[PDB]
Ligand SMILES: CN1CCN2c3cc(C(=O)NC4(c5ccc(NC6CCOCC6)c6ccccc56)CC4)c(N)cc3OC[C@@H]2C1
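The chain that follows stands alone, in the form deposited without the named molecule, written as structure tokens.
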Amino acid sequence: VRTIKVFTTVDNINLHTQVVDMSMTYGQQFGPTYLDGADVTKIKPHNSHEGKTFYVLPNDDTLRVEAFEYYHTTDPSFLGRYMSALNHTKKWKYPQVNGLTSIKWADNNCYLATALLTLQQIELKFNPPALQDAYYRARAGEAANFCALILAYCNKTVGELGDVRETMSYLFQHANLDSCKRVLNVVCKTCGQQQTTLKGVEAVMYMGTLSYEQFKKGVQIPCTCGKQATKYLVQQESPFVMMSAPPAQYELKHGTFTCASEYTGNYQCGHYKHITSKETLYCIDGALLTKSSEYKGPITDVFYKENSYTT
């Protein structure tokens, strides 16, 4: 008898009119249902709910198409993981630190803070509208949705230990890096030499050394024959490159890199900070900011600006 009008959605843009019985739960009428992140599946409608938007799971073909077009995923648990994260990230704080949106420390989110600070310093466009829209809001300071999306895309829950390199890998997978190209040459004294071409995400990430100059000069790797072959960078076309390695004491010089991630800890427990090279070296640690003329610390990732390099 008693009803209210509400709207359901999967993208918070296209709304679907619903009339709900106030004597049954949302779950009985829609399946799993969320109100700005809060799980209301076992709740009966409130008068204050009239006219509000609820997220639901894509349970008919219209919602399936809308969800895929917005998120570029068909993982069945995606929307519930995104809402579950959002219920936490909407209570985090996003101070502006040295002109960049950061995140006040909470819930082991230090890896997200330094990923978010890095994105704001490299040229990158996302493909899913969900990330496009949310990143735009994050840049303006309202990063809760963007953080909850990163958690959902990376299959990490709030509180879980994250790795920055992994996280950037997922984000780059959803970015337009089609123009990026890398050419490598690997030289073995017994085996000869062999050139490789990498594209897309693989053309901007390297795991083994932090130094972009070292990568151009050559780095030693196993060869199949048993000896030490040498790999060096012969050509690069991309707006940035990311150089990563297991954390090691490393010296960062002002004006020689864009930004970097520092990791202190061990494989199951640690803390990331972000170092950015501007008019001096700034260390952003969530809401905290310090500066110094030189830097040395356990660095794990270094980002460098690029455009075209040929050897």
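Here the rigid core means the biggest group of C-alpha atoms that line up within 1.5 Å when the two forms are laid on top of each other. Just count from 1 along the sequence shown to find any residue number.
- Between 271-279 and 51-59, the larger root mean square Cα shift in 6 other deposited structures of this protein, once each structure is superposed on the rigid core, falls on 51-59.
- When the other structures are laid on the shown form by the core, the C-alphas of 179-187 and 217-225 differ in how far they drift in 6 other deposited structures of this protein; the larger average drift belongs to 217-225.
- Annotation for 186-194 versus 158-166: the higher mean temperature factor (C-alpha) is found in 186-194.
- Mean CA temperature factor is higher for 22-30 when stretches 273-281 and 22-30 are set side by side in the entry.
- In this entry, the residue among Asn47, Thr53, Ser261, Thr258 with the greatest C-alpha B factor is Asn47.
- The PDB entry assigns the greatest CA B-factor among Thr224, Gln121, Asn127, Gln96 to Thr224.
- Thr89: CA B factor lies in the lowest third for its chain, per the PDB record.
- In the deposited entry, the Cα temperature factor of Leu252 places it in the highest third of its chain's modelled residues.
- Ranked by Cα temperature factor within the chain, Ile43 sits in the highest third according to the deposited record.
- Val219: CA B factor lies in the highest third for its chain, per the PDB record.
- Annotation for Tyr135: C-alpha temperature factor in the lowest third relative to the rest of the modelled chain, per the entry.
Below, we turn to the form solved in complex with the named molecule, even though it does not appear here.
- Heavy atoms of every residue among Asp163, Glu166 and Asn266 are located within 4.5 Å of the named molecule in the deposited bound form.
- When contacts are judged by a 4.5 Å heavy atom cut-off, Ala140 does not count as touching the named molecule in the deposited bound form.
- Under a 4.5 angstroms non-hydrogen atom cutoff, the named molecule in the deposited bound form lacks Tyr26 among its neighbouring residues.
- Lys156 belongs to the set of residues with a heavy atom inside 4.5 Å of the named molecule in the deposited bound form.
- In the deposited bound form, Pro246 approaches the named molecule with a heavy atom inside 4.5 Å.
- Exactly one of the stretches 41-49, 26-34, 275-283, 246-254 approaches the named molecule in the deposited bound form with heavy atoms within 4.5 Å, and it is 246-254.
- Scanning 181-211 for heavy atoms within 4.5 Å of the named molecule in the deposited bound form gives just one residue, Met207.
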